[PDB]
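Just the one chain here, the form deposited in one PDB entry, laid out as structure tokens.
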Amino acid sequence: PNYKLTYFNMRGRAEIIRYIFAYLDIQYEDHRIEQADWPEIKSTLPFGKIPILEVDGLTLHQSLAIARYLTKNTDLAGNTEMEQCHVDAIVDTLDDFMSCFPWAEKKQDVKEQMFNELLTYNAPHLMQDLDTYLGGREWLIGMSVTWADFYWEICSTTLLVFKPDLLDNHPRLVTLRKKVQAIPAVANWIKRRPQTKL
């Protein structure tokens, strides 16, 4: 089928979709719009938000809903229904935290303060719960990589931009990132993708 992903020129919420396409070796149009075209693009979105993924003429929206759709019947989904639930749960827990940041906050002064408070007073609790959850296991769910691992690597990459020492107390979570970054197809995408801050 023909796929067309539309998002801004940044990793952000479209990156999980881009990782999945890379991993599954599926061709797609990576459409990155500029701020100047937002007004026009927006008037075509079902709920005024991106990313959207057009599949053979039909529009899908919501990054995680799209990620789940693309991984259905693949090795990234989770081996059992219980495990698939755990994958969804970990992704939503991560997404819940990322959604707490004031990404659209105009006033930089207030924005910086909130980011710093979230990374100092809240992040540590989530990092510890994730580390405890993973224990000595190779991956977050099951005995093989799932898109939950992809999401951890993606979210942590952005958090590290604002809090470099985020994982200084959790080497096991760093190892996990490295294992994700070591997957051949993923490594290739990470090396070739457009370099953006977020």
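The first residue of the sequence shown is number 1, and the count goes up from there.
The form solved in complex with a small molecule exists for this protein as well; it is not shown, and the discussion that follows is about that form.
Contact check for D95: a heavy atom falls within 4.5 Å of the small molecule in the deposited complex.
Residue contact with the small molecule in the deposited complex: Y151 places a heavy atom within 4.5 Å of it. By the criterion of a heavy atom within 4.5 Å, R18 is excluded from the residues contacting the small molecule in the deposited complex.
In the deposited complex, the small molecule sits within 4.5 Å of a heavy atom of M10.
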